[PDB]
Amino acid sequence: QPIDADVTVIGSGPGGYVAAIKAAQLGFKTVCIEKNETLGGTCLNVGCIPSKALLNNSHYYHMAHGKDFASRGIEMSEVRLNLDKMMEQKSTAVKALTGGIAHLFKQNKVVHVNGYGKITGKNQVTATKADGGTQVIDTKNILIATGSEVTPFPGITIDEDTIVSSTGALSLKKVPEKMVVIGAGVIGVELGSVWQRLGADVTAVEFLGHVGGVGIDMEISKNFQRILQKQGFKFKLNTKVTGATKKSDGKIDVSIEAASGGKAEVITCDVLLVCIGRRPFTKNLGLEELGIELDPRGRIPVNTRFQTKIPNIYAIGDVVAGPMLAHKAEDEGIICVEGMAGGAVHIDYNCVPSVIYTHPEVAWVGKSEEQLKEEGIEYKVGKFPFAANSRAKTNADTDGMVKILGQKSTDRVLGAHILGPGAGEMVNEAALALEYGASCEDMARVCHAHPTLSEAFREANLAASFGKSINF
C-alpha cells in the first residue's frame, strides 16, 4: 500500500514541480505531493500567470480605448470592456499551463500524489486526501517546497468578497468604482494598474516612502511612481492604515494616518486589496515534532545544500530565505536536487532579477545605489533614456531609461536598473552580464542589433565605462 521513493517533494509550485522533474531526470524515483486541485502552485494558479494575463489584456484595452491606437491610424468607434471575456482569456492560459505540468510529470515518470502532505517520520511522508484517506510514502529524501501565503493585516479580515487578497483581486466579477490597495509593492502596483486601466478609481496606501518593494533603486522608483501618477494611479505614501470597516451598504471605510504625523483621514471604497506582503507556508507539516525550528519570519533554516538540520530533509523556494520569486524557487529546486546527486550547488542571489510587468515595465538585477552606498562601494553611473533609443522612438513608446552602476576602479557592472519598454526581457541580458563578471566596457562593445531596445543597455554601459554615450 505505501509507496517507496528516492525523493518526495511536498508542493508543486515553481520550486517543487521543477525539482521533481529534475530529480526524475537524474534517475531518482520521485513523488510530488500537492494538496490543491491543480499543480503549479502560487505562481501558476493565483500568481504570476493570471496577473500577467490581466496586465497584458488591460494594457491593450488602454491602448484601444485611449489615445494610442488613434495616433497610429487605428480608428475604432466604440471600445467596450467585456470583463467576463477578459477573465476567460486569463483562465484559459492558467488551465493550459497547469495541465502542461501534469503532462510533464507523466512524461518524466513523476508520481503525482493528491493530498495534504505531512512529514510523519524522518523517512516518511503521509498525504491525507480530502475524504480522509491516506497514502504513505517511505522515502530516502524529503524536499519541502510548500511555498507561501498572503500575509494578513492585523485587524483587517480578508474575505475575498469586498476585502480581497491578490487572489480575489485577480477574479473580480466587475470593475470596482473605487478601489484601495494597502501596499505599493510589486503585487500592489501591478494589480492596482490592471484595475485602474479598466476604469476603477485606484489609490494605493503605503507605509514606506517609495513604490516597488524592497531593493528597488530609489531614482527608478520615484520616476516610476511619477509615470504611474500621470496614468491616473493615485498614491498615499508615508501613510499608515489604522483599520478598515465593512459597512452595511457593502462599502468599506478605510482609516489612514500619516505614517509619522497626524493627518487622520477616512476614505471609502468598493473593494479593498490587502497586499502588504507574503510569508512562508509550513502549516501542519510536522516540523515541530521533528525539531526543525523556524526563523523569526517563519522560514525554514537551511545550509548551502538546502538541507535542514535533519540532513535528508531539504527546503527550497518561498519557504526559505531570499527573494520570493518563481525563477529563484525554480533554481533552488534544481540545484538542491543536483546536490542530492552529489554535484555542486550554486545560486548567486545578486544575479537574480526582479521584474514589474506594468507599462512601463521595471526590472533590475544586482545592487541599487542605496545598497552600494550602504556597503561603501565607490561606483559610477551611466544612464541612457529610451527617448533617445531608435526602436523605442520608432514605436512611440519612450518612457524611462536604463541605469548602469559600475565599480569606480575596476569597471565591473554592479547593477542594472531598467524603467521602460521591454525591461522584463532586457534584464536577462543584464543577469548574464553579472553572472559573467562583465565590465561596462565589455557590454558597450557587444554588437547589439539595430534597432533594438537592448541598444539602450549598450549605451548606458558606454556612459558608465567611457563617460559618454554615442546617441545621447
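The numbering used is simple: start at 1 and walk along the sequence shown.
Judged by mean Cα B factor in the deposited record, 160-168 ranks above the other of 160-168 and 332-340.
Higher mean CA temperature factor between 356-364 and 369-377: 369-377, per the PDB entry. Out of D318, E190, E149, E265, the entry records its largest CA B-factor for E265.
Listed residues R391, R299, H327, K178 were ranked by CA B-factor as deposited; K178 comes out on top. When all modelled residues of the chain are sorted by CA temperature factor, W195 is found within the middle third. Placement of the Cα temperature factor of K174 within the chain: highest third of the modelled residues, per the deposited record. The PDB entry assigns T245 a C-alpha temperature factor belonging to the highest third of its chain's modelled residues. The PDB entry assigns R279 a C-alpha temperature factor belonging to the lowest third of its chain's modelled residues. Annotation for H417: C-alpha temperature factor in the lowest third relative to the rest of the modelled chain, per the entry.
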